[PDB]
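Asker: Enclosed are the sequence and the experimentally obtained structure.
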Protein chains: 4
Amino acid sequence: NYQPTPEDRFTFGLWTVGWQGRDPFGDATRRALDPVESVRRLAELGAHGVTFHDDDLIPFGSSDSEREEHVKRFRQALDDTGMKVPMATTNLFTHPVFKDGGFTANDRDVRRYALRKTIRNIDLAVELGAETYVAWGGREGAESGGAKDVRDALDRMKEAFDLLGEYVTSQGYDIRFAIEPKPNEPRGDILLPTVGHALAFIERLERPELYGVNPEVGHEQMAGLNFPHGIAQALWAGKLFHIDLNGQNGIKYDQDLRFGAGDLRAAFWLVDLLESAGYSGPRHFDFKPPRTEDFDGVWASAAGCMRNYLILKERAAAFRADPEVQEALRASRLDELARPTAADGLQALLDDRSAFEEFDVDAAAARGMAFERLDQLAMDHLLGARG
Amino acid sequence: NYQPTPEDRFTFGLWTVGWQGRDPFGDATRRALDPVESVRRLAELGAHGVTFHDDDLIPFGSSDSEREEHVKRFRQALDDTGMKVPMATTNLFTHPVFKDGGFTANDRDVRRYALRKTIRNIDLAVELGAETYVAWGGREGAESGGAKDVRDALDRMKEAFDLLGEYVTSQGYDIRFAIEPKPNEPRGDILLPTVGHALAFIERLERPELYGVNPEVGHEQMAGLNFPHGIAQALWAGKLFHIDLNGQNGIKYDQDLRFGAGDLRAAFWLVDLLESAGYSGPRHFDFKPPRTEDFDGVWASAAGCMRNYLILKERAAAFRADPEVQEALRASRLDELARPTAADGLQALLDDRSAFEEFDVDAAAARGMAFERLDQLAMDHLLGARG
Amino acid sequence: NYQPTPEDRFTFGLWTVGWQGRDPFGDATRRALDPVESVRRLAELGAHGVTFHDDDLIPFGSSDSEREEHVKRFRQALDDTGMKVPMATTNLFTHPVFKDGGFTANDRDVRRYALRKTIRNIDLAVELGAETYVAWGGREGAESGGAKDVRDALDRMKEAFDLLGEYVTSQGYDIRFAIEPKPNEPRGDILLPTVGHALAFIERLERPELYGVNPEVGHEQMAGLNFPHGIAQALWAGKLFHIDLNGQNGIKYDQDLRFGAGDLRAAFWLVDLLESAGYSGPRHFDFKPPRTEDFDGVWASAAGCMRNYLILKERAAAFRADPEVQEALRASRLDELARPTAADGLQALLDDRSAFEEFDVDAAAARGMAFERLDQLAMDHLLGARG
Amino acid sequence: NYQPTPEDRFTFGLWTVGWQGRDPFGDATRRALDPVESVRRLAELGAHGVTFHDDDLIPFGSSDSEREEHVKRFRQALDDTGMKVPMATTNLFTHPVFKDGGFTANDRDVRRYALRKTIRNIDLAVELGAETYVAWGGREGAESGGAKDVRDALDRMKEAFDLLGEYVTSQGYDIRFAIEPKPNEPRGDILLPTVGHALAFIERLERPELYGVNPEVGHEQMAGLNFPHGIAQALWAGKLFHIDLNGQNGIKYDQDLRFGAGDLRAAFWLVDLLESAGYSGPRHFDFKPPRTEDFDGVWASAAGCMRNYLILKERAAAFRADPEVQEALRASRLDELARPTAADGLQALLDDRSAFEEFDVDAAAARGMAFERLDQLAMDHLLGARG
Ligand SMILES: [Mg+2]
Ligand SMILES: [Mg+2]
Ligand SMILES: [Mg+2]
Ligand SMILES: [Mg+2]
Ligand SMILES: [Mg+2]
Ligand SMILES: [Mg+2]
Ligand SMILES: [Mg+2]
Ligand SMILES: [Mg+2]
Ligand SMILES: [Mg+2]
Ligand SMILES: [Mg+2]
Ligand SMILES: [Mg+2]
Ligand SMILES: [Mg+2]
């Protein structure tokens, strides 16, 4: 039951199952994983592929000779398992040089280094077949008001992304970029803190078609936002290039729980939306097996990510296919929501006395929306508590 | 000291000082105010003008004859005081017909009514000289997942705003629209919940130049966001058409405290940003004098709004003009943040060995940012605790 | 399937299904319900009983003759249905006189009135058979720091509850009191804001045995707290006298969604705890059918409250009875958690070299907790996705 | 201006100025500090003393010979500066053995080790003159529901604190214990998450007089709570044994900003309360200089902690001494709040017709509370914007 296969497109960051368990108050509880072992174990669980930061795959400061050997071993593990690499990203946050940011560091020479580090890994990402290059600006922001002029910082951020777009264009690469928002942590406030802020920023880039979002369940929930709603707006804009799936219990530090944990009903509505919209990208998990766990718990937590997605996929499909639900959707006028408000045009609307002068506002107000019965059918379907 | 005058452009909604004190758990504590008295009393306090919902000025369901008399009295009070009306808006949230929204109600006939109600008040707003027409979609959203298909809802929302833009264009009106975001309340989740989501939505409208944002201090803080940061992004996009000033204590119900209350330091950084950027629009207060207060407390609370803005304006100006602060800003490389990262171009950056191959990452990492000393100078200036 | 009966002890406030839908931004969407109709309709759904504020049952300002007639009709509906009244409470928050509180109002004459109003309704509650008298101090608190000296306010609060305990003792009543915490709304901050603060306050009362807590799901979640954890501490203290069941989506205004909505997994763990601990009190719903709904939606939402409790009861029982779960609980050392740490005593612990000098800290640290596998078995049981 | 001296009782944890800047996403940005240098530099800034975890002072795993030498050097630095050690604590959270807790770890042998580790450091704390021994149970809690039976965990927690009380009693030590609450991080939910939960727990200990709270500004604010209100309840209970001062911007990860940063007005009301109540304990800073800073920024941030306390002390004293404020406090009936509600007794209250039958509820409701004018006088005093 609910067994994932590579055709389900489930992917995992090397940094996820490979997290050694260091947190702000605690030392590692697990030994480091060889990327080759993660590829092997994830393939055995039914994963489709992996993703990486440059520094997850090649230790920072590696010589060219060491760099070549790390990539060669990794490619052999991919070849031996059929695993893919659909996405890569740059670590612009761990090294102390990035303490005030990469692309928006106050120090200009750090901003130039951040771009050179990113460009080097874009080449490698293309080599390994990645279709999406993610940017998580975790250090872009501030703890205090005078430290960061945000208009200047957004100028620098646009400059950086424009240069990266110029680079991929000049090389003929087919890879696209995805900005991963986060509202805070590790900076007190992070720039482009939500899906909305990232979508708006992209529209000011020189080549907007090259950039989308990589929203993460837990990050929008750290702002108390409705993650399915934000995904809907990203899809509406044509910008859901990639997605990070995990769990989060409300407004607190970034928990990165396995997918399905945290807000279970939001996970249900998320899967319902991705499947209804026909999202065709990776189902990527950006999660951390809790540091309480040994390696057996690591793989159990990764397996649970995929299992929960498949259970929710089943229940959401059953919800939408249920004739009683389709009747309830009509009772709640979801069919009317999908119809144009005024396809007859502005002048016809202005001349339509049924839209104002003769609109029975009291009769309309008395019509119940029937949303609670619809939602209890959704609850029954989620819980397998129908007939 | 700190006495406002009309040239300070302070404005107030009729619904602010006129709030009778009804909350979810309590009846009114104050009698209704005649709009004429609010205009008179606000002018005596040094206000520049007022704003209104249609239904604040003309009671819902008024005949044309009653409507004309309400406007005539209001115009006489404006004429007798020199007060202006820079902004107006539509009440699309109080009447029960709007229980599932106005522009995105599931019922199509309600959406058409919402547009007709708005268009009627746009005409009146232009008559009274308003330059900005605000939309707060407080009922657009959902308490449950099946009740609202957000992609369909965003289609309906774009349709509505496009029709309104067609209308003002067809009439030759110079008024512009401003969307006021709010993340939640009274709906469980509201569509376009933050400044970012509204900015992104506007870029998909047919005539984007006609639409900006009207951000509110408390609303972005209900999502835990940095309000000065969001204003900076709105200014960066050229979309700060109007602003709502008030106070809020973190992530909870919408408090609408007087400006300066709530997050005092965020109020300081907000005023610093508006004045440095040269924001030229109204300094509008969307606030509610707490229902503990009688009418004397109402006017004291309104006076405090303007006083706190003027105190913060003084302290922020003193901060920026202090040579010791300018030195600290240089020590923290705010000057470097304002310089292009790579005006020499992509190829020059790729060929610059000082940006990668020869970049001393350890020496850069060792450079302290000196942000804490800068922030304590800011604190000293805010508190008047310098020399 | 999952059909409630009166033996399930489900109860509802008159103010819940009777909520007309007025919120801070909107007028009523439903007509007022006669308490007699609510009793009848709730009995038809399988409820056990109802609860009331004084002013829900007898309109404020009623004459003695009107008061007697309202109670007489209500008692006839209870008699005709078999419905009970296990709990009553006082409205100390709607009338404007309570704008700064009841028991902790700054005005002394208001505090005396609050006590007289409460005592009158305690008599009626005893008459109708209630075993618990709830106090929700929704107006006790402040929007500003100078307005309320909290130490003085806590003195006044202790005085009020002590007088009420003296009263019930003097009358020989068997009723007990339960304090319902809420962190905020309608006051900016409410006194005794969480289960913990209420439990601590009770220990300073003259007769602590007469007072417990009435925690509400949504209220602890408005502080971001774990509601099952707080219930566990209340049970540990012997103070879970009553409970309010509903749903809430994180840190925002008090939503009062139907039970099972909001945080579904917290609802699962809550039911698991109440049933395992043998909680014998009412399963009371303090919820508001969303104002989108007509009366049919009101009763569907109330029915969903009870259905969701019964589904979760089934799944939690299946979880605890599953031999594979019992094995996982042993693998995670939940059996060891239940054993005394040092029943051998302090001196034996000090002399036990295996507790320090010879404790292999590295071998202990390497033991995985196996919590993720346990939690995925819990998820599978909740979703009915086991065998 | 605002220069601290040792008589101001300002203290700092070794782990505060000594924080190397490692966060969940980043490596250290500063070298480790020798405790001797921190003592010297803090004394030069005007500090009164320092506090320590066992493992801050003596590296984990030290031999007795190394342990003696670390303490000897530390004592010489204290002797050479006049610095004191008023508080000590145990690190029960960094080492991987504590991944599921210390006192409430599921593994019994870990719980016994946690107690032995604590007892060893209590002896050292007494040796160094500490009057308070703090417990921060940062690992006590859970990420999932099945992992931790909270009633069993609270049994184990009571057992641990009771044994510690037995130990100090048996040794004749005068030191007392203080529990430091935190709602979450690094565990998904932490046991005893707020001041209220800790106060309530203490009342169930065998020797409650030996235990109080050590509340931290940022921790209560991570639950969205009013920190001055919680301190007031702790003082009301006689349990404010110690306090952690810092700054926090709302509901997010634990920021540990310098005191005065974050919620500035809450810092003002906190200082007003501590000084009015005559709190006589250490003014302890549990803060982290942001990792953007070099060592010069470390000492600037520490200096700002003390400066902000002294500025706020001045402004709060000026507020309370201002005859215009004293008049406003009377206008708002703060004098009536301090008077007993019914010193005439229950029967007199029941017989007082002015408390009910003849109480003019409308005249009382019409009395404005005048809270907004009072709060603007408080704002003017905080900002130095009076005469
Ligand atoms: Mg990385
Ligand atoms: Mg283009
Ligand atoms: Mg991610
Ligand atoms: Mg309005
Ligand atoms: Mg255009
Ligand atoms: Mg507003
Ligand atoms: Mg009531
Ligand atoms: Mg007793
Ligand atoms: Mg309740
Ligand atoms: Mg420590
Ligand atoms: Mg004792
Ligand atoms: Mg602390």
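Answerer: Happy to help now that I have it. Numbering: from 1, shown residues only, chains lettered A, B, ... in the order given. Ligands and ions are numbered 1, 2, ... in the order given.
Asker: from here on, contacts and neighbour counts on C-alpha atoms
Answerer: Fine.
Asker: burial of the closest residue to chain B within the stretch 201-350 of chain A, as a residue count?
Answerer: The nearest approach of the stretch 201-350 of chain A to chain B comes at residue A:337, 4.5 Å away (CA to the nearest CA). Neighbours of residue A:337 under the rule other CA atoms under 10 Å in any protein chain shown: 24.
Asker: Pretty sure it sits against residue B:155.
Answerer: No. Distance between residue A:337 and residue B:155: 9.2 Å, which falls outside the contact criterion (CA atoms under 8 Å).
Asker: where do the contact lists of the two overlap?
Answerer: Counting by CA atoms under 8 Å, 6 or more residues apart in numbering or on different chains, residue A:337 and residue B:155 have no contacts in common.
Asker: Under a three-state scheme, what state does residue A:169 occupy?
Answerer: Three-state call for residue A:169 (DSSP: H, G, I helix; E, B strand; the rest coil): helix.
Asker: and the gap between it and ligand 4?
Answerer: Noted for residue A:169: a distance of 50 Å to ligand 4, by CA to the ion, to the nearest Å.
Asker: do the longest helix along chain A and chain B meet at all?
Answerer: When chain A is parsed with DSSP state H, its longest helix is helix A:295-321. No. If you take CA under 8 Å from any CA of the partner chain as the test, helix A:295-321 misses chain B, and the best it gets is 9.8 Å.
Asker: Give me the distance between residue A:212 and residue A:197.
Answerer: Going from residue A:212 to residue A:197 by CA to CA, to the nearest Å gives 12 Å.
Asker: Over to residue A:43?
Answerer: Distance of residue A:43 to residue A:197, given as CA to CA: 36 Å.
Asker: Specify the beta-bridge partners of the closest residue to residue A:191 other than its chain neighbours.
Answerer: Among residues not flanking residue A:191 along the chain, residue A:141 sits closest, at 5.3 Å (CA to CA, 6 or more residues apart in numbering or on different chains). Beta bridges link residue A:141 to residue A:190 when assigned by DSSP bridges.
Asker: doesn't residue A:101 make contact with residue A:141?
Answerer: Yes. Judged on CA under 8 Å, residue A:141 makes contact with residue A:101 at a distance of 7.2 Å.
Asker: So these two - more neighbours on which side?
Answerer: Neighbour count, other CA under 10 Å: between residue A:141 and residue A:101, residue A:141 has more, with 29 against 25.
Asker: Tell me which residues touch the more buried one, please.
Answerer: Contacts for residue A:141 were tallied using CA under 8 Å, 6+ apart; they are A:100-101, A:148, A:187-191.
Asker: what about residue A:66, neighbour count?
Answerer: Using other CA under 10 Å, residue A:66 is surrounded by 13 other residues.
Asker: Next: residue A:23.
Answerer: When neighbours are counted by other CA under 10 Å, residue A:23 registers 16.
Asker: Isn't it up against residue D:139?
Answerer: No. If you go by CA under 8 Å, residue A:23 and residue D:139 don't touch, sitting 11.5 Å apart.
Asker: SS state for the closest residue to residue A:311 other than its chain neighbours?
Answerer: In this structure, residue A:311 finds its nearest non-sequential neighbour in residue A:2, 6.5 Å apart by CA to CA, 6+ apart. On the three-state scheme (three-state DSSP), residue A:2 is labelled coil.
Asker: and residue A:2, how far is that from residue A:314?
Answerer: Distance check for residue A:2 against residue A:314: by CA to CA, it reads 9 Å.
Asker: more crowded one of those two?
Answerer: Between residue A:2 and residue A:314, residue A:314 has the larger neighbour count (other CA under 10 Å), namely 17 against 14.
Asker: For chain A, list the residues in contact with ligand 1, please.
Answerer: A:53, A:91 (CA under 5 Å from the ion).
Asker: What ranges does chain A have for its strands?
Answerer: A:10-13, A:49-53, A:84-89, A:132-135, A:141-142, A:176-179, A:189-190, A:211-213, A:244-245, A:283-285 (DSSP state E).
Asker: Make a markdown table from those and add distance to ligand 7 to it.
Answerer: Shown next, in a markdown table, are these (distance: least, CA to the ion, whole Å):
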| stretch | distance to ligand 7 |
| --- | --- |
| strand A:10-13 | 51 |
| strand A:49-53 | 55 |
| strand A:84-89 | 55 |
| strand A:132-135 | 52 |
| strand A:141-142 | 46 |
| strand A:176-179 | 49 |
| strand A:189-190 | 41 |
| strand A:211-213 | 47 |
| strand A:244-245 | 42 |
| strand A:283-285 | 46 |
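Asker: With respect to ligand 4, which of these lies nearest?
Answerer: For ligand 4, the closest of the strands of chain A is strand A:189-190, at 32.6 Å, according to CA to the ion.
Asker: Count the residues that sit near the closest residue to residue A:91 other than its chain neighbours.
Answerer: Nearest residue to residue A:91, sequence neighbours excluded (CA to CA, 6+ apart): residue A:53, at 5.5 Å. Applying other CA under 10 Å, we find 21 residues neighbouring residue A:53.
Asker: so what's the nearest residue to residue A:112 once chain neighbours are set aside up against?
Answerer: Leaving aside its sequence neighbours, residue A:112 sits nearest to residue B:355 (CA to CA, 6+ apart; 5.5 Å). Residue B:355 is in contact with A:109-110, A:112-113, A:116, B:349, counting by CA under 8 Å, 6+ apart.
Asker: rewinding a little: can you report how many residues neighbour the residue lying closest to the residue of the stretch 201-350 of chain A closest to chain B once chain neighbours are set aside?
Answerer: Counting by CA to CA, 6+ apart, residue A:337 lies nearest to residue B:106, which is 4.5 Å off, once chain neighbours are set aside. Residue neighbour count, defined by other CA under 10 Å, stands at 27 for residue B:106.
Asker: Could you measure from residue B:106 over to residue B:144?
Answerer: Taking CA to CA as the measure, residue B:106 and residue B:144 are separated by 14 Å.
Asker: Next: residue A:70.
Answerer: Applying CA to CA, the value for residue A:70 to residue B:144 is 48 Å.
Asker: the more surrounded of those two?
Answerer: A side-by-side neighbour count of residue A:70 and residue B:144, using other CA under 10 Å, places residue B:144 first with 23 against 17.
Asker: which residues does the more buried one contact?
Answerer: Under the criterion of CA under 8 Å, 6+ apart, the contact list for residue B:144 reads A:371, A:375, B:188.
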